[PDB]
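Inspection log for the structure reproduced underneath, given as C-alpha cells.
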Amino acid sequence: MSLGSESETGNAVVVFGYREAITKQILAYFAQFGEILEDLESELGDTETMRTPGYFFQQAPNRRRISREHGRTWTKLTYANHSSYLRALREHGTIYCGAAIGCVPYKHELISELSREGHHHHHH
C-alpha cells in the first residue's frame with residue numbers, strides 16, 4: 001500500500017448512514033468544516049462560516065462536486081485539521097432524521113466492506 005505502519009489518516013473520517021435527500025439540511029451543520037454530498041445550491045450566502053482549511057472550497061462544476069471518493073451511502077471527509085476531525089466525528093448519540101449516523105475513523109478494511117454493499121467502481 002501507499003501508506004505504511006498500522007494507522008489511519010488521522011484527519012479524515014468515514015461518514016455513512018445518510019441519504020441524498022438530506023444534503024441541504026445535514027450539510028448546513030457540517031458546512032462549518034466542509035461539504036458532504038454533491039447536491040448543493042446556494043450555500044451560506046453570507047459569512048461562509050470561514051469553512052475549509054483553505055478559506056474557500058476548491059471544487060469544479062465541470063467535475064464531481066466532491067473531490068473525495070464517495071460511495072452509495074458513505075463518504076470520506078478530509079478536513080486536514082484534527083479539531084474538525086474530532087468535532088465532525090460525533091458518534092455520541094447523534095441521531096439524524098430518526099437514525100444515528102456513523103462517523104468513524106478511516107479504516108481500509110471498512111472501505112472494502114462499504115464498496116461491497118455500496119458497489120460503485122471496480123478496484124475502488
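Ligands are numbered from 1 in the order shown, residues from 1 within each chain, and chains are lettered A, B, ... in the order they appear in the C-alpha cells.
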- Would you list the contacts of residue 25 in chain A as a list in words, taking every protein, DNA or RNA residue within 12 Å and counting only C-alpha atoms, but skipping same-chain residues closer than 2 positions in sequence?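 My reading of the contact set: residues 18, 19, 20, 21, 22, 23, 27, 28, 29, 30, 31, 35, 36, 37, 39, 40, 41, 43, 44, 96 and 97 of chain A.
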- Test item: residues at most 9 Å from residue 91 in chain A, only C-alpha atoms, excluding those fewer than 4 positions along its chain, as a list in words: residues 95, 100, 101, 102, 103 and 104 of chain A
Residues of the last selection are to be written out with C-alpha atoms, as a CSV table (one decimal), in the first residue's frame.
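Wrote out.csv, looks like this:
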```csv
chain,number,residue,atom,x,y,z
A,95,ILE,CA,-29.5,10.8,15.6
A,100,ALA,CA,-28.0,7.5,14.0
A,101,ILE,CA,-25.3,8.5,11.6
A,102,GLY,CA,-22.0,6.7,11.6
A,103,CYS,CA,-18.9,8.8,11.6
A,104,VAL,CA,-15.9,6.5,12.1
```
- Task: May I ask which of the residues A:16, A:87, A:45, A:38 is the closest one to residue 115 in chain A, counting only C-alpha atoms?
- Result: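 Comparing A:16, A:87, A:45, A:38 against residue 115 in chain A, the winner is A:16.
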- Where in range 13-65 of chain A does DSSP assign helix (DSSP H, G or I), given as a ChimeraX atom specification? /A:23-30,48-50
- Among range 2-117 of chain A, which ones does DSSP place in strand (DSSP E or B), written as a PyMOL selection string? chain A and resi 12-16+70+74-78+95-96+99-100+102-105
- In Å, how far is it from CA of residue 54 in chain A to CA of residue 3 in chain A? 24.5 Å
Near range 116-124 of chain A, 10 Å: range 52-80 of chain A residue rows, closest pairs, only C-alpha atoms, as JSON lines:
```
{"residue": "A:69", "atom": "CA", "partner": "A:124", "partner_atom": "CA", "distance": 9.1}
{"residue": "A:70", "atom": "CA", "partner": "A:120", "partner_atom": "CA", "distance": 8.8}
{"residue": "A:71", "atom": "CA", "partner": "A:118", "partner_atom": "CA", "distance": 6.1}
{"residue": "A:72", "atom": "CA", "partner": "A:118", "partner_atom": "CA", "distance": 5.1}
{"residue": "A:73", "atom": "CA", "partner": "A:118", "partner_atom": "CA", "distance": 6.9}
{"residue": "A:74", "atom": "CA", "partner": "A:118", "partner_atom": "CA", "distance": 8.2}
```
- Query: How many Å lie between CA of residue 114 in chain A and CA of residue 12 in chain A, rounded to one decimal?
  - Reply: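 Between these atoms lies a distance of 16.1 Å.
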Each residue of range 7-65 of chain A with at least one atom at most 12 Å from range 78-84 of chain A should appear once, together with its nearest atom pair and the corresponding distance in Å (one decimal); atoms considered: only C-alpha atoms; ordering: chain, then increasing residue number; output as a tab-separated table.
```
residue	atom	partner	partner_atom	distance
A:8	CA	A:78	CA	11.9
A:9	CA	A:78	CA	8.7
A:10	CA	A:82	CA	7.2
A:11	CA	A:80	CA	5.1
A:12	CA	A:78	CA	4.1
A:13	CA	A:78	CA	6.5
A:14	CA	A:78	CA	8.8
A:15	CA	A:78	CA	10.5
A:30	CA	A:84	CA	9.4
A:31	CA	A:84	CA	10.8
A:32	CA	A:84	CA	8.8
A:33	CA	A:84	CA	6.1
A:34	CA	A:79	CA	7.1
A:35	CA	A:78	CA	9.8
A:36	CA	A:78	CA	10.1
A:51	CA	A:79	CA	9.8
A:52	CA	A:79	CA	7.0
A:53	CA	A:79	CA	7.0
A:54	CA	A:79	CA	9.9
A:55	CA	A:79	CA	11.9
A:57	CA	A:79	CA	11.3
```
- Message: With distances taken over only C-alpha atoms, which residue among A:46, A:67, A:26, A:111 lies nearest residue 88 in chain A?
- Response: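 Answer, going by the shortest atom-to-atom distance: A:26.
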